[PDB]
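First the structure, then my questions, so here it is.
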Amino acid sequence: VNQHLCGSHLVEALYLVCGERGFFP
Amino acid sequence: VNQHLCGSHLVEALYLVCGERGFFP
Amino acid sequence: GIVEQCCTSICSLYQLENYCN
Amino acid sequence: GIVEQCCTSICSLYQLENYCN
């Protein structure tokens with residue numbers, strides 16, 4: 001499976017992993 | 001951003017989150 | 001199952017981690 | 001930056017979590 005995280009999929013994964021209080025670039 | 005995880009994106013996220021010793025359905 | 005929970009609806013990191021191992 | 005690390009290359013959960021908060 002594609003393990004690279006680009007664009008919206010990176011944003012989605014940060015939001016999933018960092019949650020509430022999300023993230024910084 | 002789309003927070004839903006379907007198909008390959010779900011598989012990718014499980015693999016990211018569960019890591020080594022991956023996951024079960 | 002995981003598809004209703006995470007695909008149809010949106011699941012949190014903790015929910016997703018329930019399906020590990 | 002995060003794109004070289006996670007998009008160009010593949011990054012782990014721990015690496016990804018470094019960019020949080």
Side-chain angles (χ1 to χ4, degrees), chain A, chain D:
Chain A
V1 178
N2 182 30
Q3 294 179 61
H4 287 91
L5 290 169
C6 297
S8 65
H9 303 113
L10 178 58
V11 173
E12 308 162 346
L14 286 157
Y15 199 52
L16 175 63
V17 166
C18 298
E20 287 302 27
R21 340 242 192 169
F23 61 102
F24 77 74
Chain D
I2 199 179
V3 172
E4 135 89 296
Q5 187 138 179
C6 290
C7 175
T8 306
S9 284
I10 285 156
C11 68
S12 81
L13 171 70
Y14 163 73
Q15 280 177 91
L16 232 215
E17 300 181 320
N18 295 338
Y19 299 86
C20 290
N21 215 45

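Quick note: numbers below take in every heavy atom, side chains included, and nothing from hydrogens, waters or symmetry partners. Lettering follows sequence order; numbering is per chain, from 1.
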Note to self: If you compare the SG positions of D:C6 and A:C6, is the separation below 2.5 angstrom?
What the structure shows: no
Heavy-atom donor-acceptor pairs under 3.5 Å, chain D with chain A:
unit_1, atom_1, unit_2, atom_2, d
D:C6, O, A:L5, N, 2.8
D:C7, N, A:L5, O, 3.4
D:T8, O, A:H4, NE2, 3.2
D:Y19, O, A:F24, N, 3.3
D:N21, N, A:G22, O, 3.0

Margin query: If I take atom CG from residue D:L16 and atom CG from residue A:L5, how far apart are they, to the nearest 0.5 angstrom?
Written below: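 Rounded to the nearest 0.5 Å, the CG-CG separation comes out at 6.0 Å.
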